[PDB]
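Working notes, structure below.
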Amino acid sequence: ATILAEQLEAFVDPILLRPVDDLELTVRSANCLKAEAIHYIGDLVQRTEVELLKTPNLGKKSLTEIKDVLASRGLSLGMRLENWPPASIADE
Amino acid sequence: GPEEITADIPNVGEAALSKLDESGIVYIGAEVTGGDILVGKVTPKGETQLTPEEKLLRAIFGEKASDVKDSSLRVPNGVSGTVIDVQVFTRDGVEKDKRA
Amino acid sequence: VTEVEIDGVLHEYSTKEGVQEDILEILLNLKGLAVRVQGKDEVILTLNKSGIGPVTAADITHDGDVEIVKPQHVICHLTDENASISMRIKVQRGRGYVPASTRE
Amino acid sequence: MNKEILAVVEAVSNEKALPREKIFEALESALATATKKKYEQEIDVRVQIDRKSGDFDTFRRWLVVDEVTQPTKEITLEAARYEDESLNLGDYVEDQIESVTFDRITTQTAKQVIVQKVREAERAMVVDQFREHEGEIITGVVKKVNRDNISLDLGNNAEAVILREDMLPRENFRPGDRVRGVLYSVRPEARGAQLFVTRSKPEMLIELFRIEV
């Protein structure tokens, strides 16, 4: 093996991060939140439900759809973010 | 009652009908393995008589005149393939489903 | 090459309207494609061609590192005025012979 | 409001004295169980019992607390400030809904889960029946012979288990014989109330002589 080697050394939250339109509900339930220039459900969780109820852009059926979405407790739980990002949501 | 050719059957898994459409018949082009489901088929079971504990199930679910087992067509154990052509023939009078 | 996705083709045993070879023969002619890649593991090449005549191997929209070494290689023959193929080709590195049955 | 459940409520051969409404909830979650597997968790036994309705739509809950345990059923007062502090401490305020699990299919599995729920209700009823007496000098007839255990069959579809440790050493019993003793198990047993008699205790023959003289 020494001879043959020397013969070769000259070669070698996921619901909040998802969009409102990605929700299982209809497009109207997403558009009710999207009328306030919201694209992510994290923006919906950043605002209170009372603040959304004080705007007539949401409808009566949209309130029931929002309740059905909040029944999973992933969104609209009355939270407050920095702007968008949590610590797990970090830039890398 | 008759047999159900629809996908709506029990004892299944995401691996039980992840290649079937909304009406039981496998797609044209779905490359299957040995032992998947091509046509989902459920048949009737026992009749006997209406029991005391099943007296409420005698008529409270539309099509509750039949029971439900499992007799779906499967690829015989060993062969792979790619489904290239599906024929559906219907005896006249029977309701055509959405894929027919 | 590993994967091909012709646009209007479900399974490899079908036929596309307006090309005088089957989809299986197009897969063999793409299997014989002689291509160099430079700085990637795998890469996705794009092919678009419309009009009467051959679809040579020089009709692939080349990326910034993929280099075809024989551009006269025929794939298929389009045979009508409005009948066009549009496919995505997946070309990757490897070693030996890796068939389809082992590894969609 | 098809009124099928209304007349399905009043069957009522065996669940007249049993909790009717609870059996609808039972059967409704059983129609909702069977082929559910996605959603977020499972279903919900709790559901707005609307007698009139009949097919009570499985509603969810939010349970107002001051704690962070049971994530899909958790409120606080600070979250109740968006509702203008209308929520109080400890309430079970429902703020969500659920649907059904289907078709052709999923409904003999729903029949199967309807049966499962009926069985659970029957077990509860049997427990209540055994609690009514709470151990007495009743007899019975052997039917099955298990390892170090004797199965007895009484009246009104009732079964009792005879421990071999509470039995006589030489005196061996078999099927077809009739034995009598005092039970001492009707509370916590196993999926109901396993009637456990003891034909070896003194109080066992306390009324045995009383039955004669």
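Letters A, B, ... go to the chains of the structure tokens in the order shown; residues in each chain start at 1; ligands are counted from 1 in the same order.
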
Quiz item: Near residue 24 (chain B), within 10 Å and counting only C-alpha atoms, which residues show up once chain neighbours fewer than 3 positions away are dropped, as a count of residues only?
Solution: 18

Exercise. Report as a VMD selection string: the residues of chain C with a DSSP assignment of strand (DSSP E), based on the backbone of this structure.
Key: chain C and resid 3 to 6 35 to 36 42 to 50 53 to 56 60 to 61 67 to 68 74 to 78 84 to 92

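Each of D:63, D:17, D:30, D:79 was compared to residue 76 (chain A) using only C-alpha atoms, and D:79 turns out to be the nearest.
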
Practice problem: Please provide the set of residues having any atom within 12 Å of residue 82 (chain A), restricted to only C-alpha atoms, with same-chain residues fewer than 6 positions apart removed, written as a list in words. | Solution: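 Neighbouring residues, sequence-local ones excluded: residues 42, 43, 45, 46, 47 and 89 of chain A.
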
Set the distance at 10 Å and use only C-alpha atoms: which residues neighbour residue 8 (chain C) once local chain neighbours fewer than 4 positions away are removed? I'd like the list as a short mmCIF file (atom, residue, chain, number, x, y, z; two decimals) with C-alpha atoms, in the first residue's frame.
```
data_model
loop_
_atom_site.label_atom_id
_atom_site.label_comp_id
_atom_site.auth_asym_id
_atom_site.auth_seq_id
_atom_site.Cartn_x
_atom_site.Cartn_y
_atom_site.Cartn_z
CA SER C 14 -50.64 9.94 -21.97
CA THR C 15 -50.37 11.90 -25.24
CA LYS C 16 -50.20 15.64 -25.74
CA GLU C 17 -52.19 17.32 -28.53
CA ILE C 85 -45.09 22.36 -24.95
CA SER C 86 -43.94 24.04 -21.76
CA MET C 87 -42.04 21.89 -19.30
#
```

Practice problem: Considering only C-alpha atoms, return as a count of residues only whatever protein or nucleic-acid residues lie within 7 Å of residue 12 (chain C), sequence-local ones (same chain, fewer than 2 positions apart) excluded. | Solution: 4

Practice problem: Tell me, as a PyMOL selection string, which residues lie within 12 Å of residue 124 (chain D), counting only C-alpha atoms; anything in the same chain fewer than 3 positions away does not count. | Solution: chain D and resi 18-19+22-23+117-121+127-131+186-188+190-194

Exercise. Fewer than 3 positions away in the same chain doesn't count, so skip those; otherwise give me all residues within 7 Å of residue 19 (chain A), counting only C-alpha atoms, as a PyMOL selection string.
Key: chain A and resi 22+39-41

Could the residues in this selection be written to a file with C-alpha atoms, as an mmCIF file, in the first residue's frame?
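Wrote it out as selection28.cif, contents follow:
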```
data_model
loop_
_atom_site.group_PDB
_atom_site.id
_atom_site.type_symbol
_atom_site.label_atom_id
_atom_site.label_comp_id
_atom_site.auth_asym_id
_atom_site.auth_seq_id
_atom_site.Cartn_x
_atom_site.Cartn_y
_atom_site.Cartn_z
ATOM 1 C CA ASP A 22 -55.562 31.161 4.569
ATOM 2 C CA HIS A 39 -53.022 40.910 5.907
ATOM 3 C CA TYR A 40 -51.774 38.676 8.753
ATOM 4 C CA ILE A 41 -53.805 37.323 11.677
#
```

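Between CA of residue 159 (chain D) and CA of residue 202 (chain D) the separation is 23.2 Å.
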
Determine, for each residue of chain A having at least one atom at most 7 Å from an atom of chain D, the closest pair of atoms and their separation in Å to one decimal, counting only C-alpha atoms; order by chain and ascending number, as CSV.
```
residue,atom,partner,partner_atom,distance
A:48,CA,D:82,CA,6.4
A:49,CA,D:82,CA,6.4
A:50,CA,D:82,CA,5.1
A:67,CA,D:96,CA,5.4
A:68,CA,D:96,CA,5.3
A:70,CA,D:96,CA,6.8
A:71,CA,D:96,CA,4.4
A:72,CA,D:72,CA,6.0
A:73,CA,D:72,CA,5.4
A:78,CA,D:79,CA,5.6
```

Exercise. Could you please tell me, as a PyMOL selection string, which residues of chain B have an atom within 8 Å of chain C when using only C-alpha atoms?
Key: chain B and resi 28-30+82+84

Exercise. As a PyMOL selection string, please: all residues of region 9-101 of chain C that backbone DSSP puts in helix (DSSP H, G or I).
Key: chain C and resi 23-31+57-59

Suppose we keep N, CA and C atoms; can you now write the selection as a PDB file, in the first residue's frame?
```
ATOM      1  N   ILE C  23     -45.396  10.999 -24.611  1.00  0.00           N
ATOM      2  CA  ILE C  23     -44.721  11.607 -23.475  1.00  0.00           C
ATOM      3  C   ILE C  23     -43.608  10.697 -22.975  1.00  0.00           C
ATOM      4  N   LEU C  24     -43.751   9.391 -23.183  1.00  0.00           N
ATOM      5  CA  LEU C  24     -42.702   8.451 -22.811  1.00  0.00           C
ATOM      6  C   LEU C  24     -41.451   8.640 -23.669  1.00  0.00           C
ATOM      7  N   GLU C  25     -41.625   8.909 -24.959  1.00  0.00           N
ATOM      8  CA  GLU C  25     -40.464   9.128 -25.813  1.00  0.00           C
ATOM      9  C   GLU C  25     -39.783  10.455 -25.500  1.00  0.00           C
ATOM     10  N   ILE C  26     -40.560  11.465 -25.107  1.00  0.00           N
ATOM     11  CA  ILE C  26     -39.996  12.724 -24.631  1.00  0.00           C
ATOM     12  C   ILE C  26     -39.189  12.499 -23.363  1.00  0.00           C
ATOM     13  N   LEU C  27     -39.641  11.594 -22.490  1.00  0.00           N
ATOM     14  CA  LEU C  27     -38.852  11.290 -21.301  1.00  0.00           C
ATOM     15  C   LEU C  27     -37.556  10.566 -21.630  1.00  0.00           C
ATOM     16  N   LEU C  28     -37.559   9.666 -22.618  1.00  0.00           N
ATOM     17  CA  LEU C  28     -36.296   9.045 -23.013  1.00  0.00           C
ATOM     18  C   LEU C  28     -35.332  10.055 -23.632  1.00  0.00           C
ATOM     19  N   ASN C  29     -35.840  10.935 -24.497  1.00  0.00           N
ATOM     20  CA  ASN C  29     -34.983  11.935 -25.124  1.00  0.00           C
ATOM     21  C   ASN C  29     -34.456  12.946 -24.111  1.00  0.00           C
ATOM     22  N   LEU C  30     -35.201  13.208 -23.034  1.00  0.00           N
ATOM     23  CA  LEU C  30     -34.665  14.054 -21.976  1.00  0.00           C
ATOM     24  C   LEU C  30     -33.731  13.289 -21.063  1.00  0.00           C
ATOM     25  N   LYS C  31     -33.909  11.968 -20.954  1.00  0.00           N
ATOM     26  CA  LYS C  31     -32.965  11.140 -20.205  1.00  0.00           C
ATOM     27  C   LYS C  31     -31.603  11.145 -20.863  1.00  0.00           C
ATOM     28  N   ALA C  57     -32.450  20.952 -27.981  1.00  0.00           N
ATOM     29  CA  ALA C  57     -31.994  21.148 -26.614  1.00  0.00           C
ATOM     30  C   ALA C  57     -31.465  22.548 -26.355  1.00  0.00           C
ATOM     31  N   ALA C  58     -31.325  23.369 -27.386  1.00  0.00           N
ATOM     32  CA  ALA C  58     -30.915  24.751 -27.213  1.00  0.00           C
ATOM     33  C   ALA C  58     -32.082  25.681 -26.941  1.00  0.00           C
ATOM     34  N   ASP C  59     -33.306  25.160 -26.863  1.00  0.00           N
ATOM     35  CA  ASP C  59     -34.473  25.969 -26.551  1.00  0.00           C
ATOM     36  C   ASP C  59     -34.763  26.036 -25.065  1.00  0.00           C
TER      37      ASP C  59
END
```

Exercise. Quick one: pull the distance between CA of residue 15 (chain B) and CA of residue 70 (chain B), Å, one decimal.
Key: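 According to the coordinates, CA of residue 15 (chain B) and CA of residue 70 (chain B) are separated by 15.5 Å.
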
Self-check item: Which of B:94, B:65, B:56, B:50 sits closest to chain D [using only C-alpha atoms]
Solution: B:56

Taking a cut-off of 9 Å and counting only C-alpha atoms, can you build a table that, for each residue of chain D near chain B, reports the nearest atom pair and how far apart they are in Å (one decimal), sorted by chain then residue number, as a Markdown table?
```
| residue | atom | partner | partner_atom | distance |
| --- | --- | --- | --- | --- |
| D:4 | CA | B:60 | CA | 6.9 |
| D:5 | CA | B:60 | CA | 7.7 |
| D:8 | CA | B:56 | CA | 6.1 |
| D:9 | CA | B:56 | CA | 8.5 |
| D:11 | CA | B:56 | CA | 7.1 |
| D:13 | CA | B:52 | CA | 7.7 |
| D:14 | CA | B:52 | CA | 7.6 |
| D:34 | CA | B:10 | CA | 8.2 |
| D:35 | CA | B:10 | CA | 7.2 |
| D:102 | CA | B:8 | CA | 8.4 |
| D:103 | CA | B:8 | CA | 6.3 |
| D:104 | CA | B:8 | CA | 5.7 |
| D:105 | CA | B:9 | CA | 3.7 |
| D:106 | CA | B:10 | CA | 5.5 |
| D:107 | CA | B:61 | CA | 7.9 |
| D:108 | CA | B:68 | CA | 5.8 |
| D:109 | CA | B:10 | CA | 6.3 |
| D:111 | CA | B:57 | CA | 7.3 |
| D:114 | CA | B:57 | CA | 8.7 |
| D:115 | CA | B:53 | CA | 7.6 |
| D:118 | CA | B:53 | CA | 7.4 |
| D:119 | CA | B:53 | CA | 8.9 |
```

Atoms kept (N, CA, C and O atoms) for selection, written as a tab-separated table (two decimals), in the first residue's frame:
```tsv
chain	number	residue	atom	x	y	z
D	4	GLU	N	-87.52	15.83	14.17
D	4	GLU	CA	-87.27	14.36	14.16
D	4	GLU	C	-86.82	14.00	15.58
D	4	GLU	O	-87.40	13.10	16.18
D	5	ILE	N	-85.86	14.77	16.11
D	5	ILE	CA	-85.34	14.54	17.50
D	5	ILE	C	-86.49	14.71	18.50
D	5	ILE	O	-86.49	13.95	19.46
D	8	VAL	N	-88.05	11.64	18.53
D	8	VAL	CA	-86.95	10.67	18.84
D	8	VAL	C	-86.61	10.77	20.34
D	8	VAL	O	-86.08	9.80	20.89
D	9	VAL	N	-86.91	11.93	20.95
D	9	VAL	CA	-86.75	12.16	22.42
D	9	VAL	C	-87.66	11.17	23.13
D	9	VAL	O	-87.17	10.40	23.97
D	11	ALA	N	-89.04	8.22	22.79
D	11	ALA	CA	-89.08	6.83	22.28
D	11	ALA	C	-90.02	5.99	23.16
D	11	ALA	O	-90.83	5.24	22.57
D	13	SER	N	-88.91	3.90	25.66
D	13	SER	CA	-88.86	2.54	26.29
D	13	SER	C	-87.89	2.42	27.48
D	13	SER	O	-88.39	2.15	28.59
D	14	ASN	N	-86.59	2.66	27.27
D	14	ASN	CA	-85.60	2.43	28.36
D	14	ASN	C	-84.98	3.71	28.93
D	14	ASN	O	-84.36	3.62	30.00
D	34	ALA	N	-66.79	10.07	15.70
D	34	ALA	CA	-66.61	9.00	14.70
D	34	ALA	C	-65.51	9.22	13.67
D	34	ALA	O	-64.63	8.34	13.55
D	35	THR	N	-65.57	10.28	12.86
D	35	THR	CA	-64.50	10.39	11.83
D	35	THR	C	-63.83	11.76	11.92
D	35	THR	O	-63.33	12.23	10.89
D	102	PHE	N	-70.21	14.25	9.56
D	102	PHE	CA	-70.71	13.69	8.25
D	102	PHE	C	-71.81	12.61	8.11
D	102	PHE	O	-72.84	12.67	8.85
D	103	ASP	N	-71.49	11.66	7.17
D	103	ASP	CA	-72.13	11.13	5.92
D	103	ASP	C	-72.21	9.60	5.97
D	103	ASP	O	-72.04	9.07	7.05
D	104	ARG	N	-72.63	8.97	4.85
D	104	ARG	CA	-72.92	7.54	4.52
D	104	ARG	C	-72.39	6.49	5.49
D	104	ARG	O	-73.18	5.50	5.72
D	105	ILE	N	-71.06	6.56	5.38
D	105	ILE	CA	-69.67	6.62	5.93
D	105	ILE	C	-69.49	6.43	7.43
D	105	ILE	O	-69.44	5.26	7.95
D	106	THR	N	-69.20	7.60	7.97
D	106	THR	CA	-68.93	8.13	9.34
D	106	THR	C	-70.08	7.95	10.32
D	106	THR	O	-69.83	8.18	11.53
D	107	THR	N	-71.29	7.72	9.79
D	107	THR	CA	-72.49	7.48	10.61
D	107	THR	C	-72.71	6.01	10.98
D	107	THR	O	-73.67	5.84	11.73
D	108	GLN	N	-72.09	4.98	10.40
D	108	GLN	CA	-72.26	3.71	11.17
D	108	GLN	C	-71.14	3.77	12.23
D	108	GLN	O	-71.23	2.95	13.15
D	109	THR	N	-70.06	4.53	11.97
D	109	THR	CA	-69.04	4.82	13.01
D	109	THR	C	-69.74	5.76	13.99
D	109	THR	O	-69.59	5.55	15.19
D	111	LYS	N	-73.06	5.54	14.38
D	111	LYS	CA	-73.95	4.52	15.02
D	111	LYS	C	-73.11	3.86	16.13
D	111	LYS	O	-73.53	3.84	17.33
D	114	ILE	N	-72.58	6.22	18.79
D	114	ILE	CA	-73.92	6.43	19.43
D	114	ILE	C	-74.08	5.28	20.43
D	114	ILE	O	-74.41	5.54	21.59
D	115	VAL	N	-73.78	4.05	19.97
D	115	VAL	CA	-73.82	2.82	20.81
D	115	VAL	C	-72.87	3.01	22.00
D	115	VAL	O	-73.29	2.71	23.14
D	118	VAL	N	-74.38	5.34	24.46
D	118	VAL	CA	-75.53	4.65	25.10
D	118	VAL	C	-74.99	3.69	26.17
D	118	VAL	O	-75.56	3.65	27.28
D	119	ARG	N	-73.93	2.95	25.83
D	119	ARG	CA	-73.29	1.99	26.77
D	119	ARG	C	-72.81	2.73	28.02
D	119	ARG	O	-73.07	2.24	29.14
```

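Atom to atom, CA of residue 68 (chain C) and CA of residue 56 (chain C) stand 11.3 Å apart.
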